[PDB]
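One chain comes next, on its own, written as structure tokens: the form deposited in one PDB entry.
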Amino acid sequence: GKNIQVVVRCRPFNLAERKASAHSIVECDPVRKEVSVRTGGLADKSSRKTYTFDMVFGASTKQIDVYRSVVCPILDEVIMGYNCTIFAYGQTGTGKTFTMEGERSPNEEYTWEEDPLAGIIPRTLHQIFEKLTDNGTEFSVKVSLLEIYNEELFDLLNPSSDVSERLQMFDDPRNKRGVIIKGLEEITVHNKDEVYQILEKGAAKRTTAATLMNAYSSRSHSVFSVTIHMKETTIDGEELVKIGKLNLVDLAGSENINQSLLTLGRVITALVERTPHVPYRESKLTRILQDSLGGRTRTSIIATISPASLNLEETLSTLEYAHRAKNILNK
């Protein structure tokens, strides 16, 4: 057994909000694992709504804080031969993509491997090599990026095929939580010095999918997957063979047509209510990620929220959803 761990990350105010002397309606207390939301009142007299999570990260949280506290422990587990998934869930504009992918610091100040704005995916890839290269491990790394837009499936990493070619999926008859995606490419990442270019290619494929599909970056779900095959020779000369898997899933924005997002919510409702039928089959996303939801994968949710009063209602909606999720048992 193990419950799904759910963490909240509040994003900071941006330029416009900061010059507009915006006041945060959100207070985060990481030590009591608590986010408090100002639901009407004033900064003078106020009703507040409070929520407890597995972790909360306030507006001051940096990319390094998330990597150290959330990602390292999960990566260690994938290195031990486990499957793990991290979802980012939240309204458009609250930092899902920032969290999972990150941005470049302006004016070329950093290399990619040192950029403070690097998110979970590049930091993860960089550390896999940095951990396994030096200790005595023979290992391979494959990555894939399967994205879902309007219940069709796209491979965003494959450098020799166009983005507009949809893929097909079927059930795996060997394993039962399982599906085969015909024609999804697993790209072998030979060393840390091939990481950037692989991701750059996918970036370029993203730009075009965006031209072709309306509000692609908001309405699409992406699943970036890393697989590590490892033959470890222990200092005692014993040879340990293991398979680690990590899914990094950047969900469609949750703001109030998206069958996968609808079904995700229904799948979570079913799992926390222990309704005996769980509607996995009702969308591509919940079929692909069936094992992440009441399955054998260690699963974490980062719910991204905003400090601004404008987003009160959607912030509340994110936190209620995220808060339900805590009750789901995986193994």
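The first residue of the sequence shown is number 1, and the count goes up from there. In this text, the rigid core denotes the largest set of C-alpha atoms whose superposition between the two forms falls within 1.5 Å.
Are coordinates for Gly237 absent from at least a third of the other PDB entries that model its neighbours? That residue is missing from at least a third of the other compared entries.
Between us, would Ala43 come up missing in a third or more of the other compared entries? Per the records, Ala43 goes unmodelled in at least a third of the other entries.
Chain break class at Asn107/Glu108 - deposited residues not modelled: Gap size class: none, per the record.
If you average the Cα B factors in the entry, which is higher, 167-175 or 96-104? Per the deposited B-factors, the answer is 167-175.
Of the two stretches 296-304 and 45-53, which shows the higher Cα B-factor on average in the entry? Stretch with the higher mean C-alpha B-factor: 45-53.
Of the residues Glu238, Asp250, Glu147, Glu255, the one carrying the largest Cα B-factor as recorded: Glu238 has the highest C-alpha B-factor of those listed.
Member of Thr208, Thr124, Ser222, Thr234 with the greatest C-alpha B factor (per the PDB record): In the PDB entry, the greatest C-alpha B-factor among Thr208, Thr124, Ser222, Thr234 is found at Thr234.
Ordered by C-alpha B-factor within the chain, which third holds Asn311? Give me lowest, middle or highest, please. Middle third by C-alpha B-factor.
Please say which third, lowest, middle or highest, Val7 falls into when its CA temperature factor is compared across its chain. Answer is lowest: the recorded C-alpha B-factor places it there.
Using the temperature factors of the C-alpha atoms in this entry, rank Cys72 within its chain: lowest, middle or highest third. For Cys72, the deposited C-alpha B-factor lands in the middle third.
Of the three thirds of its chain by CA temperature factor, lowest, middle or highest, which one includes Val272? For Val272, the deposited C-alpha B-factor lands in the highest third.
Ranked against its chain, the third holding the CA B-factor of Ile288: Bottom third by C-alpha B-factor.
Below, we refer to the form deposited in another entry, which is not included among the displayed structures.
Taking the rigid core as reference, does the Cα of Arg206 move 2 Å or more between this form and the one not shown? The answer is yes; the displacement is at least 2 Å.
Yes/no, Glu239 Cα shift of 2 Å or more between this form and the one not shown with rigid core fixed: Yes, its C-alpha moves 2 Å or more.
Core superposition between this form and the one not shown, C-alpha change of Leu316 at least 2 Å: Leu316: C-alpha displaced by less than 2 Å between this form and the one not shown.
Regarding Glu17 and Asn311, go with closer or farther for their CA spacing in the other form versus this form, the difference being 3 Å or more. They are closer; the C-alpha distance drops by 3 Å or more in the other form.
Closer or farther: how do the Cα atoms of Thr233 and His126 compare in the other form versus the shown form, where the change is at least 3 Å? Relative to the shown form, the pair is farther apart.
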